[PDB]
């Protein structure tokens, strides 16, 4: 199987494979945002790497953070998302979001 070139991940989760990695560290404004349903993805719900690269999922999370978070909270959330996805073995830019969502996050961070 192609997934053994990546670091192993727990095959269960409390929320989901992305959220579980950062839930306790993210700014409080972003906590509701990472509880996004994984049901519209092809990802096992525990699969961090997959949930880092499916834009219908990351974009929803990103849209929510851009709406709910401002300033350094946006910046810190993105650093944590990138970090978790990078450690899961995802390629640069690690947390894979739509360009429109990135622009919205940029704006929220500079508000």
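Positions refer to the first chain, counted from 1.
When 80-88 is weighed against 33-41, 33-41 comes out higher, by mean CA B-factor as recorded in the entry. For the pair 23-31 and 53-61, the mean B factor over Cα atoms is greater in 23-31.
Ranked within its chain, residue 9 lands in the highest third, by CA B factor from the PDB record. When the modelled residues of the chain are ordered by their C-alpha B factor, residue 15 lands in the highest third.
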